[PDB]
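Asks: need coordinates for the following:
(chains A, B, C and D)
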Amino acid sequence: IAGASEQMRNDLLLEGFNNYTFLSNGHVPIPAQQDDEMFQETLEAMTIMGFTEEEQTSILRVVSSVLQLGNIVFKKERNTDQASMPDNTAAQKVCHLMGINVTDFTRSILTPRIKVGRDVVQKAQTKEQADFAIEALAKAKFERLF
Amino acid sequence: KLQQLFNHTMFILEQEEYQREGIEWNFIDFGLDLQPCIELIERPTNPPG
Amino acid sequence: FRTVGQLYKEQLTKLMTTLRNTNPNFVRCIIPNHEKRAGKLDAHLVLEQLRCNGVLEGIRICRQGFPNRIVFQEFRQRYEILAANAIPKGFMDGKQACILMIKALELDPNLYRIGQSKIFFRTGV
Amino acid sequence: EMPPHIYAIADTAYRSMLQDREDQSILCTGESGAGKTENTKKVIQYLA
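Replies: Numbering: from 1, shown residues only, chains lettered A, B, ... in the order given. Please see the structure below:
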């Protein structure tokens, strides 16, 4: 978010500090290290290890889709109770750095065409069921990344 | 029996979701629960068919 | 536990309630005559079978609303290629941002219904 | 691109299933003689 150059600031899809809900305590500063330049540094360090000409921006994207997932807010639509999701950049900026299927991310995240027994079972998810699962997805992508 | 499937899929449940989403559409009923003939054969409890 | 009547409600439920959880593409066949004939229509026999099949009202819902239903990401991805200029430097809400490429591909304010979650999509769209 | 006739329902089953990925079905309705048996067999010809 800090050492973004204007091209990949709009490519790797950067809004400013606190436009991510999953970054709490706002932006806490660190003593005697300034995240701003520390970005630029680590990018060099990549090129020294031989992280590829494109690959550097790819690691940075996976990160930023994780940064992104927490705009996915579920409001209790209270006439199923099985409530769904208003914004799309919440998922969009996530899934352009994902490139999974855009249709099917949310259509999974709302209707699990899942499995009870050993066959295909449909259900709409509740507000509650939808939040918790997407949350797991947000974090789990950073683990897969590491 | 297939006929009340058609109805429940295509009248009732539809407009329920139409209330839900915040989207502009006002509710219409059609009087297309054919369940009364299907009750008249198939309904286990209440007065049975 | 079960009978024939019941069994055949249930066999038709192994059918009907997994059918419930599948897409009912219906091929709704309509009789013109009871006289086995070539040519012969009866419009009142058909109008009986229209009230029976629940036709006029099956049409009266599907004229009104929006059969399909999916969210706004099916917009932003599959077509950014279609209009390379559409979202320029900077980004906002998913609805409004897709609405950029939407109007840059003339997508109509009642063909879609950009709802809360779902774009309700009409026939065709 | 293809006017109201059966092979449109038949592709739309095979197509949608790989797209929206709803599991698709086909159910033919209406009284005796109407034409259902035969608008079932034609679909087996299609997929084969």
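
Asks: tell me the contacts of the residue of chain C found nearest chain A?
Replies: Sorted by distance to chain A under Cβ to the nearest Cβ, the residues of chain C start with residue C:94, at 2.3 Å. Yep, even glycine has a C-beta here, placed from its N, CA and C like the rest. Neighbour list for residue C:94: A:87-92, C:72-73, C:76 [criterion: Cβ atoms under 8 Å, 6 or more residues apart in numbering or on different chains].

Asks: buried subset of the residues you listed?
Replies: For these, a burial check counting by 16 or more other Cβ atoms under 10 Å in any protein chain shown picks out A:87-92, C:72-73, C:76.

Asks: that older thread, for the residue of chain C closest to chain A, which non-adjacent residue is spatially closest?
Replies: Leaving aside its chain neighbours, residue C:94 sits nearest to residue A:88 (2.3 Å; criterion: Cβ to Cβ, 6 or more residues apart in numbering or on different chains).

Asks: next: residue A:60.
Replies: residue A:12 (5.5 Å).

Asks: could you pull up phi and psi at that neighbour?
Replies: phi -80, psi 10 (degrees, to the nearest 10).

Asks: cross-check the contact I'm expecting between it and residue A:59.
Replies: No - the pair residue A:12 / residue A:59 is not scored as a contact, 10.2 Å apart, by Cβ atoms under 8 Å.

Asks: more neighbours, those two?
Replies: residue A:12 (22 against 15; other Cβ atoms under 10 Å in any protein chain shown).

Asks: tell me where chain A has strands.
Replies: A:113-114, A:121-122 (DSSP state E).

Asks: will you turn those into CSV that also has mean neighbour count and distance to residue B:44?
Replies: Formatted as CSV, those follow (neighbours: other Cβ atoms under 10 Å in any protein chain shown; distance: least, Cβ to Cβ, whole Å):
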stretch, mean neighbour count, distance to residue B:44
strand A:113-114, 14, 30
strand A:121-122, 14, 25
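
Asks: figure out which of the ones you listed is closest to residue C:10.
Replies: In terms of Cβ to Cβ, the element of those nearest to residue C:10 is strand A:121-122, at 18.4 Å.

Asks: show me how far whichever strand or helix holds residue C:14 is from its chain's centre.
Replies: Taking DSSP states H and E as the criterion, the element that holds residue C:14 is helix C:4-19. Centroid separation for helix C:4-19 versus its chain: 25 Å, with Cα atoms, centre = their mean, to the nearest Å.

Asks: how about the residue nearest to residue A:60, what does it touch?
Replies: Residue A:12 neighbours (Cβ under 8 Å, 6+ apart): A:4, A:57, A:60-61, A:64, A:97.

Asks: so can I have TSV of the residues you listed showing neighbour count?
Replies: As requested, the contacts of residue A:12 are exported to TSV (neighbours: other Cβ atoms under 10 Å in any protein chain shown):
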residue	neighbour count
A:4	18
A:57	17
A:60	19
A:61	22
A:64	22
A:97	22
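
Asks: now tabulate these in a markdown table and tack on distance to residue A:29.
Replies: Formatted as a markdown table, those follow (distance: Cβ to Cβ, whole Å):
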| residue | distance to residue A:29 |
| --- | --- |
| A:4 | 18 |
| A:57 | 26 |
| A:60 | 22 |
| A:61 | 25 |
| A:64 | 21 |
| A:97 | 26 |
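
Asks: name the nearest of those relative to chain B.
Replies: residue A:97 (27.8 Å).
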